[PDB]
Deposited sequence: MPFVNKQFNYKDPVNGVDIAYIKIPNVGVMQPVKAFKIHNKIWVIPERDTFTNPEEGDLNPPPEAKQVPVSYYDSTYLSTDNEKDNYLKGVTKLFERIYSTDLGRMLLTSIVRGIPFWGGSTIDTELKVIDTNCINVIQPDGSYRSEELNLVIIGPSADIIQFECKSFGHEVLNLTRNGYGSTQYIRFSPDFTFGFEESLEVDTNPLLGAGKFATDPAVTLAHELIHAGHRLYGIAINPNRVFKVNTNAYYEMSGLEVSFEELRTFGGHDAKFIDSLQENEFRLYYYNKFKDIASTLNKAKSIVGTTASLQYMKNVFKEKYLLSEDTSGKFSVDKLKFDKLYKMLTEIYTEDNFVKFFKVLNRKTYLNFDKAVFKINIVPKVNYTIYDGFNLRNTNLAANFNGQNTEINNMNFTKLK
């Protein structure tokens, strides 16, 4: 999924390893392009939210076990290189699963829609769904991306999937899509129970955020106002509490949104940019929104292809269905007050590996998830404050 092994020292080439500028909407950061439309910034997130980078503890913080605040984490290149080697490992772990592979494939193909012109006859990029890659002469070159994995802000364990919005457009909830930024650290993990029993496999924590970007990438995210959205996303049993006629009500709201995309494309006459033709980008979305193309060359939304895509995105792609595939132990519900944050290093193949995570085959750890047990495997889990 990441073809070439990256080191943080590896020289910039302005193609994959580059100094880049986030929409603000400031200074350039080293960032790696581990796959089409996926970039990884080994820095703390002091960029996405105007001056939310004091990066130093609040007046009174939640402490154990919800908030962690080290002002120094992800400052050393040695940590940044371990980070990228961290995140690259969880992606391949995720890719090794038939379901993570389909998911990233769903993430990579989910190009944020080109709905950036006030006109309705013209395709135009929404610069918020783009980064600025610095070229040799200091100048910047807009690149389109779907996903950025950047490290956390002040609270190190406050992992989330956020996105830049619009003056009028809800980009995650109108079928269009929006570049997704995932705050994440594979150098820490949350302990749960069912004495302090076990510990979350960071691939599960990562897979959770990729579910979320997926929903937002395809514009079928549920308004934040437990959230319905997190409920769809963790899956399992607690995904029955959802009024099915609030699920019907949405599975129809994002069909009529997908039909309004198909309209916008059919009515498109011009397009903006040097990059790509009106026809290249119409096939691009005709590939995203699995549209259908009659002889005239007018897109329609197939109610059947849309229903499998919506099913795959919303109820096939779930934390719960991920722990099936990962043969791991995970909180069976979203209400298991993780009563610790642990220090970890999943990079070494003796610590943790793509195929079995912490629960190493041919070891004591492969049974009753003894790899995940904070007691048995005390080396790999050091409780913090």
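Positions of the deposited sequence absent from the coordinates, in order: 1-2, 28-29, 199-209, 241-257.
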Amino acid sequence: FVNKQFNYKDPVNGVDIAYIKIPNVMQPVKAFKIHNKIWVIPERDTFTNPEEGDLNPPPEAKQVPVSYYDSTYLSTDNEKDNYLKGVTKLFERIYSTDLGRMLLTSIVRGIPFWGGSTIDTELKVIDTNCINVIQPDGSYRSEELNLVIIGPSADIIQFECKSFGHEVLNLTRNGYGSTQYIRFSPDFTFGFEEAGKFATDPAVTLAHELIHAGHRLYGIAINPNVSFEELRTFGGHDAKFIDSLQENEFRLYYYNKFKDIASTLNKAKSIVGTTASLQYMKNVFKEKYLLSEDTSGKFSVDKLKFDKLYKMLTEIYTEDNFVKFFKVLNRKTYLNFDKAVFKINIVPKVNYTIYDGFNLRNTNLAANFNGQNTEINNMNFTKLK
From here on, numbers count along this sequence of modelled residues.
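With 29-37 and 48-56 compared on mean CA B-factor from the PDB entry, the stretch scoring higher is 48-56. Between the stretches 298-306 and 119-127, it is 298-306 that shows the larger average CA temperature factor. The PDB entry assigns its highest CA temperature factor, among 163, 146, 244, 142, to 244. Taking only the listed residues 80, 208, 240, 215, the entry reports the highest CA temperature factor at 240. For residue 234, the recorded CA temperature factor ranks within the lowest third of the chain's modelled residues. Per-chain ranking of the deposited C-alpha B factor places residue 319 in the lowest third. Annotation for residue 92: C-alpha temperature factor in the lowest third relative to the rest of the modelled chain, per the entry. The deposited CA B-factor of residue 42 belongs to the lowest third of values across its chain.
The entry lists a Cα temperature factor for residue 375 that places it in the highest third of the chain's modelled residues.
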